[PDB]
Q: 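Got a structure here, written out as structure tokens. Questions coming.
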Amino acid sequence: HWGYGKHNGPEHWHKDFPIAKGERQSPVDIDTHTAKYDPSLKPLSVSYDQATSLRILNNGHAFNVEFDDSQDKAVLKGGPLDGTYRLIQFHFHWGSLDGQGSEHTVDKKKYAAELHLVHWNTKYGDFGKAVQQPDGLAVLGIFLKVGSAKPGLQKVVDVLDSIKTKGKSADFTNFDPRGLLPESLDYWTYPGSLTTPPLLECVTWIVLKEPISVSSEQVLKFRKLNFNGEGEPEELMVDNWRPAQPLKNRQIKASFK
Ligand SMILES: NS(=O)(=O)c1ccc(B(O)O)cc1
Ligand SMILES: [Zn+2]
């Protein structure tokens, strides 16, 4: 099946997932000189005060930190969004080197990694229903650059040794996602898709302008993960990012003038 190698990577996906060539695919390059300030954007509200993480899982493409989404405990509201979106998981995309790894790019600049906080619209009852709708998902994207260490990431970093290979999971309770946010919540927003198969066009993308800084040692531990399962030839989990897709007729709006 699909992956990120030379023979199953992003350029192959359209053979099994024809929507890969659709009209609102993600990620995209963010042209900062063409994104327009939108005064019609309400303030963005990240309410992670009562977030309840459960588990961390290596799914052979990335690792997911999974949250209890049975109640409105961690929710995203406001900005371009109508209603309440519940946090279900977060994960990262990263590169083999610090000059690549992010999915979105900013004036063609690639960051070392990108964090995706994935939320689903409560009006559709559950995640599986939401991804079938144009406004089903909201994904908050946060760029990572290599610099000083991110203390709020270290709990994630420390547990990766226990989920090295595909299918491994570990208990991951009392993790506070607020420690992964930058100082400012200025953002760009546009309508797009999941960036991995099934590539469904169901995402309101909210991409923060300000990156967070992580240490070289921290990203180094990301790169020690494996795509493969236990007891198999080792493939380091690196470069698990999809490149920028054509913007087509979409407009990127900026929350900041
Ligand atoms: N990388 S992303 O946030 O756009 C994403 C999130 C979820 C799924 B999925 O549930 O298959 C795929 C891609
Ligand atoms: Zn992602």
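The first residue in the sequence is number 1, and the count goes up from there. When reading the values below, keep in mind they use all heavy atoms of this one structure, side chains included, and skip hydrogens, waters and symmetry mates. Just follow the structure's listing: the first ligand is 1, and inside any ligand the first atom is 1.
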Q: At what distance is the nearest protein heavy atom to atom 13 (C) of ligand 1, and which residue and atom is it?
A: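 Result: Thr196 OG1, 3.1 Å.
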Q: Do the rings of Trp13 and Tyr4 sit parallel, tilted or perpendicular, given the 30° and 60° boundaries?
A: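 Geometry flag for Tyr4 against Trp13: perpendicular rings.
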Q: Where on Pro198 is there a heavy atom closer than 4.0 Å to ligand 1, on the side chain, on the backbone, on both, or on neither?
A: side chain
Q: Is there a nitrogen or oxygen of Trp205 sitting under 3.5 Å from a nitrogen or oxygen of ligand 1?
A: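 Checking ligand 1 against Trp205, no N or O pair falls under 3.5 Å apart.
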Q: How open is the angle at the Zn ion (ligand 2) from atom NE2 of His93 over to atom NE2 of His91, rounded to 10 degrees?
A: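 Taking the Zn ion (ligand 2) as the apex, I get 110° for this pair.
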Q: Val139 heavy atoms, cut-off 4.0 Å: which ligand 1 atoms fall inside?
A: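 Answer, ordered by atom number: 3 (O).
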Q: For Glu234, does the CD atom have more than 12 heavy-atom neighbours from other residues, nucleotides or ligands under 6.0 Å away?
A: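 Yes.
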Q: Just wondering, do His116 and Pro27 contact through their side chains at under 4.5 Å, heavy atoms?
A: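 A side-chain contact under 4.5 Å is absent here.
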Q: Is it true that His91 lies under 4.0 Å from ligand 1, counting heavy atoms only?
A: yes
Q: Would you say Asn174 has more than 12 foreign heavy atoms packed within less than 6.0 Å of its CG?
A: no
Q: How about CD on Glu210, more than 12 heavy atoms from neighbouring residues, nucleotides or ligands closer than 6.0 Å, or not?
A: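 Yes, because the 6.0 Å sphere around CD of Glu210 holds more than 12 heavy atoms from other groups.
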Q: From atom 6 (C) of ligand 1, work out which of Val203, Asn59, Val118 has a heavy atom at the shortest distance.
A: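 Looking at heavy atoms only, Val118 sits closest to atom 6 (C) of ligand 1.
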Q: Using a 4.0 Å cut-off to any heavy atom of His116, which atoms of ligand 1 qualify?
A: 1 (N), 2 (S), 3 (O)
Q: Once you restrict to heavy atoms under 4.0 Å, what part of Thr195 touches ligand 1? Side chain, backbone, both or neither.
A: both
Q: Below 4.0 angstrom from a heavy atom of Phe127, which ligand 1 atoms are there? Numbered from 1 as shown, please.
A: 10 (O)
Q: Check ligand 1 against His93 and write out every atom of the ligand that is under 4.0 Å from a heavy-atom position of the residue.
A: 1 (N)
Q: Just checking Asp171: does its CG atom have more than 12 heavy atoms from other residues, nucleotides or ligands closer to it than 6.0 angstrom?
A: no
Q: May I ask you to decide if the ring planes of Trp94 and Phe63 are parallel, tilted or perpendicular, using 30° and 60° as cut-offs?
A: tilted
Q: Using ring pair (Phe, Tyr, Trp, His ring centres under 6.0 Å) as the criterion, point out the one residue from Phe227, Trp2, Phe92 that pairs with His61.
A: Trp2
Q: Taking the Zn ion (ligand 2) as the reference point, name the nearest N/O/S atom of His116.
A: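 Atom name returned: ND1.
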Q: Is the closest side-chain donor-acceptor distance between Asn226 and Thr165 under 3.5 Å?
A: no
Q: Does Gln89 reach ligand 1 with a nitrogen or oxygen that is under 3.5 Å from one of the ligand's nitrogen or oxygen atoms?
A: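 So ligand 1 has no N or O lying under 3.5 Å from an N or O of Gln89.
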Q: At under 4.0 Å between heavy atoms, is it the side chain or the backbone of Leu194 that contacts ligand 1, or both, or neither?
A: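 It is both backbone and side chain that touch ligand 1.
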